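Written out below as structure tokens is the structure these notes cover.
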Amino acid sequence: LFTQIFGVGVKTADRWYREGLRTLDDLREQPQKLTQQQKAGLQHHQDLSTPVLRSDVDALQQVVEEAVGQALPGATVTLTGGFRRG
DNA sequence: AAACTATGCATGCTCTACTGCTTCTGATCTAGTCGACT
């Protein structure tokens, strides 16, 4: 559960385990030891938990192409990662 | 002629500014360690 939080790794999860935080609520109880990455991950935990579908991938690519063109014309963007693997 | 008073001056003391030199302190750049991510 802890590892699914953006900005929280194995070491941080183990540290929280040894500190007595056994559920997600305790993390939100004290939002002062969480860095920017952890705060962002916890704020939108539910949205990022849902798997990303191909439709979102195509929408993101279409949006990013316009930004890349505006920054500069003639640039190319390629989709890599798991999606490129099918 | 003698006693009292007057001015006059000097030197040490005190303060406030002024300038220049020396030392201390606060702001700004990187190595290492832990952690995050792809």
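Here, A, B, ... name the chains of the structure tokens in the order displayed, residue numbers run from 1 inside each chain, and ligands are numbered from 1 in the same displayed order.
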
Report task. May I have the residues of chain B within 9 Å of chain A, counting only C-alpha atoms (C1' of nucleotides), written as a ChimeraX atom specification? Result -> /B:35-37

Those residues you just picked out, can you put them in a file as a CSV table (one decimal), in the first residue's frame with N, CA and C atoms (P, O5', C5', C4', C3', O3' and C1' of nucleotides)?
```csv
chain,number,residue,atom,x,y,z
B,35,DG,P,17.9,5.3,3.1
B,35,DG,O5',17.0,6.0,2.0
B,35,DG,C5',16.1,7.1,2.4
B,35,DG,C4',15.6,7.9,1.2
B,35,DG,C3',15.0,7.0,0.1
B,35,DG,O3',13.6,6.9,0.3
B,35,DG,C1',16.4,8.8,-0.8
B,36,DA,P,12.7,6.0,-0.7
B,36,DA,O5',12.5,6.9,-2.0
B,36,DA,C5',11.5,7.9,-2.0
B,36,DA,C4',11.5,8.6,-3.3
B,36,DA,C3',11.3,7.7,-4.5
B,36,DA,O3',9.9,7.4,-4.7
B,36,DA,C1',13.0,9.3,-5.0
B,37,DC,P,9.5,6.2,-5.7
B,37,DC,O5',10.0,6.7,-7.2
B,37,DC,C5',9.3,7.8,-7.8
B,37,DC,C4',10.1,8.2,-9.1
B,37,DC,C3',10.1,7.2,-10.2
B,37,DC,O3',8.9,7.2,-10.9
B,37,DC,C1',12.3,8.1,-9.9
```

**Report entry** Test item: residues at most 12 Å from residue 77 in chain A, only C-alpha atoms (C1' of nucleotides), excluding those fewer than 2 positions along its chain, as JSON, numbers by chain
**Finding:** {"A": [60, 61, 62, 63, 64, 65, 66, 67, 68, 69, 73, 74, 75, 79, 80]}

**Report entry** Pairwise distance for CA of residue 3 in chain A and CA of residue 21 in chain A, rounded to one decimal in Å
**Finding:**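 Here the two named atoms are 13.5 Å from each other.
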
**Report entry** For range 48-55 of chain A: contacts at 12 Å, only C-alpha atoms (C1' of nucleotides), fewer than 3 positions along chain excluded, given as a list in words
**Finding:**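 Residues meeting the cut-off are residues 1, 2, 3, 4, 5, 6, 40, 41, 42, 43, 44, 45, 58, 59, 60, 61, 62, 79, 82, 83, 84 and 86 of chain A.
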
Requested in this report: Go ahead and compute the interatomic distance for CA of residue 27 in chain A and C1' of residue 33 in chain B, in Å to one decimal.
Outcome: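 Computed distance, CA of residue 27 in chain A to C1' of residue 33 in chain B, equals 25.4 Å.
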
Query - helix (DSSP H, G or I) positions in range 26-58 of chain A, given as a ChimeraX atom specification - result: /A:26-29,36-43,45-49,54-58

I need the chosen residues saved as a JSON list (two decimals), in the first residue's frame, with N, CA, C and O atoms.
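What landed in selection-v1.json:
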```json
[["chain", "number", "residue", "atom", "x", "y", "z"],
["A", 26, "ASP", "N", -3.02, 7.59, 8.82],
["A", 26, "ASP", "CA", -1.97, 8.20, 9.62],
["A", 26, "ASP", "C", -1.08, 9.10, 8.79],
["A", 26, "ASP", "O", -0.57, 10.11, 9.29],
["A", 27, "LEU", "N", -0.87, 8.77, 7.51],
["A", 27, "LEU", "CA", -0.07, 9.63, 6.65],
["A", 27, "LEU", "C", -0.72, 11.00, 6.50],
["A", 27, "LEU", "O", -0.03, 12.03, 6.55],
["A", 28, "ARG", "N", -2.04, 11.04, 6.32],
["A", 28, "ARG", "CA", -2.74, 12.31, 6.18],
["A", 28, "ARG", "C", -2.89, 13.04, 7.51],
["A", 28, "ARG", "O", -3.16, 14.25, 7.52],
["A", 29, "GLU", "N", -2.72, 12.34, 8.64],
["A", 29, "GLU", "CA", -2.87, 12.98, 9.94],
["A", 29, "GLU", "C", -1.79, 14.02, 10.17],
["A", 29, "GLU", "O", -2.04, 15.07, 10.78],
["A", 36, "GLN", "N", 7.28, 17.14, -1.31],
["A", 36, "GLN", "CA", 6.35, 17.56, -2.35],
["A", 36, "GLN", "C", 5.83, 16.36, -3.14],
["A", 36, "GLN", "O", 4.64, 16.27, -3.44],
["A", 37, "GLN", "N", 6.73, 15.43, -3.50],
["A", 37, "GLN", "CA", 6.31, 14.26, -4.26],
["A", 37, "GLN", "C", 5.29, 13.44, -3.48],
["A", 37, "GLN", "O", 4.27, 13.01, -4.04],
["A", 38, "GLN", "N", 5.55, 13.21, -2.19],
["A", 38, "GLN", "CA", 4.63, 12.41, -1.39],
["A", 38, "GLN", "C", 3.29, 13.11, -1.22],
["A", 38, "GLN", "O", 2.23, 12.47, -1.28],
["A", 39, "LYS", "N", 3.31, 14.43, -0.99],
["A", 39, "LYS", "CA", 2.06, 15.17, -0.87],
["A", 39, "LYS", "C", 1.25, 15.08, -2.16],
["A", 39, "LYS", "O", 0.03, 14.85, -2.12],
["A", 40, "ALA", "N", 1.90, 15.26, -3.31],
["A", 40, "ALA", "CA", 1.19, 15.16, -4.58],
["A", 40, "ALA", "C", 0.63, 13.76, -4.79],
["A", 40, "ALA", "O", -0.51, 13.60, -5.25],
["A", 41, "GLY", "N", 1.41, 12.73, -4.46],
["A", 41, "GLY", "CA", 0.93, 11.37, -4.63],
["A", 41, "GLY", "C", -0.26, 11.07, -3.75],
["A", 41, "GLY", "O", -1.23, 10.44, -4.19],
["A", 42, "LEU", "N", -0.22, 11.51, -2.49],
["A", 42, "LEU", "CA", -1.32, 11.24, -1.58],
["A", 42, "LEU", "C", -2.57, 12.04, -1.93],
["A", 42, "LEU", "O", -3.69, 11.55, -1.76],
["A", 43, "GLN", "N", -2.39, 13.27, -2.42],
["A", 43, "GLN", "CA", -3.55, 14.10, -2.77],
["A", 43, "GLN", "C", -4.36, 13.46, -3.88],
["A", 43, "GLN", "O", -5.60, 13.47, -3.84],
["A", 45, "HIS", "N", -4.10, 10.14, -4.89],
["A", 45, "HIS", "CA", -3.81, 8.71, -4.83],
["A", 45, "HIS", "C", -4.84, 7.91, -5.61],
["A", 45, "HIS", "O", -4.48, 6.99, -6.37],
["A", 46, "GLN", "N", -6.12, 8.23, -5.45],
["A", 46, "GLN", "CA", -7.17, 7.45, -6.11],
["A", 46, "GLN", "C", -7.06, 7.56, -7.63],
["A", 46, "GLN", "O", -7.19, 6.56, -8.34],
["A", 47, "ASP", "N", -6.82, 8.77, -8.14],
["A", 47, "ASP", "CA", -6.75, 8.94, -9.59],
["A", 47, "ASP", "C", -5.59, 8.16, -10.18],
["A", 47, "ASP", "O", -5.73, 7.52, -11.23],
["A", 48, "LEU", "N", -4.43, 8.19, -9.53],
["A", 48, "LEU", "CA", -3.26, 7.48, -10.03],
["A", 48, "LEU", "C", -3.33, 5.98, -9.79],
["A", 48, "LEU", "O", -2.62, 5.22, -10.46],
["A", 49, "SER", "N", -4.17, 5.53, -8.85],
["A", 49, "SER", "CA", -4.30, 4.10, -8.60],
["A", 49, "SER", "C", -4.96, 3.39, -9.78],
["A", 49, "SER", "O", -4.60, 2.25, -10.10],
["A", 54, "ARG", "N", -5.63, 2.77, -23.09],
["A", 54, "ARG", "CA", -5.05, 3.25, -24.34],
["A", 54, "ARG", "C", -5.69, 4.54, -24.81],
["A", 54, "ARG", "O", -5.02, 5.37, -25.44],
["A", 55, "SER", "N", -6.98, 4.74, -24.53],
["A", 55, "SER", "CA", -7.64, 5.97, -24.93],
["A", 55, "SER", "C", -6.97, 7.18, -24.29],
["A", 55, "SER", "O", -6.74, 8.20, -24.96],
["A", 56, "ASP", "N", -6.65, 7.08, -23.00],
["A", 56, "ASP", "CA", -5.91, 8.15, -22.34],
["A", 56, "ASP", "C", -4.55, 8.35, -22.99],
["A", 56, "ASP", "O", -4.06, 9.48, -23.09],
["A", 57, "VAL", "N", -3.92, 7.26, -23.45],
["A", 57, "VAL", "CA", -2.62, 7.37, -24.09],
["A", 57, "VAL", "C", -2.74, 8.17, -25.38],
["A", 57, "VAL", "O", -1.92, 9.06, -25.66],
["A", 58, "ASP", "N", -3.75, 7.87, -26.20],
["A", 58, "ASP", "CA", -3.92, 8.60, -27.45],
["A", 58, "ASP", "C", -4.25, 10.06, -27.18],
["A", 58, "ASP", "O", -3.75, 10.96, -27.87]]
```
